[PDB]
Each structure stands twice: as C-alpha cells, then as structure tokens.
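Quick heads-up: the structure tokens below are two forms of one chain, split into structure 1 and structure 2.
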Structure 1
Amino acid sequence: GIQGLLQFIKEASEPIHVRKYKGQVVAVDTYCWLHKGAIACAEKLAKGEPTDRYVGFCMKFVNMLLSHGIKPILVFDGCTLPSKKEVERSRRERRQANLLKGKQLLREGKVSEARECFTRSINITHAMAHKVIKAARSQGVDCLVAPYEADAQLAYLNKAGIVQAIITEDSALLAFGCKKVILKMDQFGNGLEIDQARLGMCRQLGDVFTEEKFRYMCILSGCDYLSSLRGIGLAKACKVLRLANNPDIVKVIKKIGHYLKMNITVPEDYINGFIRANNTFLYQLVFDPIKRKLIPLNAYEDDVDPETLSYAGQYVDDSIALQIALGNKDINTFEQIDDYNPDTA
C-alpha cells in the first residue's frame, strides 16, 4: 500500500452500495477480510490455539455478496516477490518481537495491555487462507491464488474485463492500473468506490494526468518496493513530476533537488531501486484464468529484457502455475493440499 494515498485522492470517490453490481463479477482482496477477521481472535491465533473465527468473518461478507446476486472472486497472495522480500523482512521481525512481548511479558497476571500487541503481531498464513478457500468453494464461490501479489492479479482481472470492480482497503491498486476499487465496504454492502475515470480530474501532476505519472508519484512517495528519500511524500512527488520537462525518469530522479528547491543526493542504488520498483508495477507476473498461463501484468513493450526481470516474479511451467492458482498446491513445498477440478459441469 501507498501511505496517505487515499486522503490524497479522496475527491475521486463516490459513496456507493455494492448492490449496483448485481449480475456482475467482483474480485475481492481477501487478505483484508482475513486480517480483520484475525483481529477478533488475536489471542487464540497468537498462542497457536485452534480457531475458525476468521473463516466465519470472511464468509459473512461472502454471503452478503451472494444475497445481492453478486458473483465474487476471492483472490489470494501467492509467492513472496523478491522486490518485497526486503520489506517483508522488516515486517517478519516486527510480528516476531511484537508477539513475544505480549506473549509472556503480559501473560502473567493482567492481560489488557498484551492484546494490543497480539493484534499487531497477526500473521496471515497460507493455512488460514486455505480454510477460507475451502469454505468458499463449498458454496460455489470462485477462488484464485495469485502467482505472487494479489494486487497485480486483482488489477489484471479488472483490466481484462473478467471482473467489474475490486473490493479492497488498498488504494494503491490504482497504481497497478486497475479500473474500479471499492474501499471501506462494510458487512452490509456500503462501500466507497473510486473510479480511475474520475482520477484524471487531477492537475497536481501537471496539465496532463497520466497513469505513468501517477505510478511514478506512488513510487517516489514510497512503497513496498522502494522507500522514499528523506522528506519526500506524495505532494513533493507531484511537484517533481509536475515541474520536470524531460521524458526519461532517471534523468529527473537526480534532478529532484533542482525541482524541489531542496538539497538532497540520490544514491546510485536508489536509481536502480526506482527502475526495479517501476518494472515490478508494470510487469509483475500474474495468472491468466482464461488461457491458464503465466503472463506479466502488462505486455512487455518495445524495449525490455524479461531475463533481467527476475525481481518481478520468476517464471514457472504453466502447469505448476495452474495448480497453485487453483489452490491445489502448497506455495513453498508444492505438496498436494487439494484436488479442485475447474473443468467439471
């Protein structure tokens, strides 16, 4: 997710009800419900005590969608993307230390203080996601396990016309080139929709708004692939892109100080950090449900080299990708975990 992105675009959003998508297909960033559902049972979850509470939470939102005659597609995160293996590292350690403090430091005697820590040490495993897939499948709800980030997978589904909108809490999905995003949707269907169409109404990126620039803005402000330089946020990011004349972005990156009337040096490893991050947004591997084949979110254009795009997801045989997408294989060990058949009835 991009920090403070939603406030920034708070004007391109119309309050809606999910009802408008009756008869239509809607993709879901299931992680959001999984996390919210994991909060209610933070204790049981942290101490490794058995629980199914989070499953019933996701299904509550599923049933609401069905009751409105909406066809949901639950999408799940797949493999750890190398571009994020860096940031995930820092997050692995936070849950690591956070769990421990709460676990015994507040276990003895009083407990009120500790739970605040367990909620911050919540881990959404693949085991937890598989339970939700099982529950959804039994009710005829489609589930899809992204090769890597659900974010890319969701964006693709929306672009391909497979789904009419995406349900999530993450505004950053628009940077992946998705068309419609439903935020803050409650259990009753009340949501806050943001259409990419109303997103071009912005003039903070210059006279001509561009998806390309919006993406640069998000990266410069800082994201999961590349942290921002000290003192750079969305507003400053807009200024640079807004003021900058020259098309090559790398030329502009070293020019930011010149643009921002501010004095700062851009490290060489940062230059590459922006090149990778940008390519990750563009060409992150996703799964095409129709042709059942691994494809980059965006088709490789005039000049690229897929062989150098290892950080944006490594290719694997299409049969291996299908089995992961279906939920029939473990992400890490590729062991059998299910036998769902998509080609029946």
Structure 2
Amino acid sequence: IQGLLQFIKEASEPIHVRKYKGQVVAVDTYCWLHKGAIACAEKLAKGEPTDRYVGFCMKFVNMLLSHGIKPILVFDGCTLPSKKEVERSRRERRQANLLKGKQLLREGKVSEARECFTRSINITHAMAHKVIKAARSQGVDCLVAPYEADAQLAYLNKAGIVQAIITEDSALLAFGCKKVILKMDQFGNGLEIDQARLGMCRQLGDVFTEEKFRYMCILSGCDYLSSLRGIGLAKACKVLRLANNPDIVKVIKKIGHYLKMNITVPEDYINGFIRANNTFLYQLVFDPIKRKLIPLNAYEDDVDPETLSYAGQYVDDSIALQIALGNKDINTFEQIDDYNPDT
C-alpha cells in the first residue's frame, strides 16, 4: 500500500525494542536482506562471491539478542500466483537496470552503473539460506513461509507465538497484525503501530475494524489488485465511511456515486477484489506447532476453498516442512540442506 504509514501516522509511537525484552518478536528478514544487498550490489550483479549481507543481518540479530529479545526470522517462500504481475514487473526492472548497468560499466561511468546495480538487486533463496545457517549457528529460530512472509508473520502474531513484528511494510496490518515495528535502526530505535490504536487516526473514521481496514487497503491499490484510476487511500476510506451497506460489492459498484465522480467499474475488477480479499484472508501459512499448511484465517461458510488456488496451493505436510526449514530450495525444489530441529 503506497503511503499507508503517512496515512495512519497518528497511531504510531517512537519506541525501543527493550519494550519486548523477554518476549518473542518475528522478523520480516527480506527487508534486512534488501538493505544488506545494497552494500555489495556491484559484486552481486557481476556474480562475484559476497556474504556481507549476512553480517549485516547478524548485526540486527545480535542487537536483538543483546536486549534479551527472542527473535524468529521469517523468509519469503514460493511466488504467489495472485502476485505474479508485480513479480514479473519487478523482474523486468531488475533485468533492465542490470543491462543498463553493464553498459554503463562498458562506458566507464561507474556512478550511474552502481546506481543501476543497486536497483537490479535480486534476493535469492541461497542468500536467505546463508542468513539461515548464520542465524541457526547462534541458536536463532528460522522459518521459511510457504509463500509471502507477510501472512506467515501475521499468523505468528495472531496465534500468540510472537508479540510484535519487525518490518518495513506497514501493509502487514491489513493481514491482521496486532503490533508492527517500523524503521528500526541498528541500535533498536523504531516506530511501533498497534492495531487497537488505529482509533487514534482521525481521518480513518469508523474504518479501524479489520474488515473495513482491509477493504480500504485493497481499494487503495495493493500488490494483488491495481486500484481504479483516481482511487487512493483517502478516497477509499471516504467511500467506506459514507457507505452504510455491509455488502462491499454493491458499495464498489456504487463507488462512483459515493465520491461524486464518474467511475466505470469493470466486472473483472469485482472478481479481482474478491480474489484480493480472499488472498488477504486465507493465504496459506505454516503452523510451526502442528507442522502443517493452514490458511491465515479459518475458512468461512461463504467461501469455497477449491477456488482459492491464487491464494497458494496446498502441498504435502512433509514437503511443506522441508520448505519451511529451508532445506528445500524454492525453485529447484531439491534438498539443499538436512537440518533437523528434533535431534
């Protein structure tokens, strides 16, 4: 969600991680991976061996461990079919910046070339696994999500397994997270947002419940569904405030009326909205206790799970376990490690 943090900044508190001393905090590790990969973009683009991002993550991990924090590193897994568009686009951008960067290396211009290399960064599962080994070497629990780390984190937080989530993506709130810590530096200073405190935001109105908030985020334009032309956070929120009807479908079919604008709503956009909603609600996560694949939320009676392939497809529990442990590479689907949490 573009500009979500600025939109709900009144619900944020400048905190320090000491607040969660002795408690358990889950981490959106790919953020630290993207931050760490920039320091060595040149060598990553050229294919030269590098492991600085590992130590970069380990600074943060050790920082948490020093304050008595019990961290759980969560990593992005398989690509979600309901997100293939964004992945494809970002991939194209990466390739383009890579090519232009190489050409700029041929020109001798190193500044611009580096400026492209830093934008052509691609976080693989191999790097992530380097981080995993490095972390497990110091007794830090690591877990690969079946798909997006967002949903997995949301589950870990809702299940009571973790009490807070360290990330740079505020849109995690739309998944149903209770507490989210943003912009955390290497010392432990960050910005916390509580779900219950969403009432602090005046411009939200009565749109602070999970359902309405989720609707707002989707309508604003997310990674699952592009917003209608001229529709952002404020206007979607306005729609949800002015809307009295619970059935969101008719509301969206009356969005032109609610905003006093001439909006044409394609029939496919409704299906896309249902898809995005069901994706936010029932995206497959991995229960670490029972060791099995479950949706983020228990299925309702108004949904047929067979049509929810875009929210991720089920696999055997053993395979899901081996992926979650990081022993199985996402793309090759072959064993790359043989870790066992039992012995």
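Whichever C-alpha set is largest while still superposing within 1.5 Å between the two forms counts as the rigid core. One-based numbering along structure 1's sequence throughout.
- Comparing C-alpha positions between the two structures after a rigid core fit, one residue in 107, 85, 134, 184 moves 2 angstroms or more. It is 107.
- Annotation for residue 257: C-alpha shift under 2 angstroms between the two structures, rigid core superposed.
- Residue 202 is among the residues whose C-alpha shifts by 2 Å or more between the two structures once the rigid core is aligned.
- In the core-superposed comparison between the two structures, the CA atom of residue 333 travels 2.6 Å.
- Once the rigid core is matched between the two structures, the CA atom of residue 48 is found 1.0 Å away.
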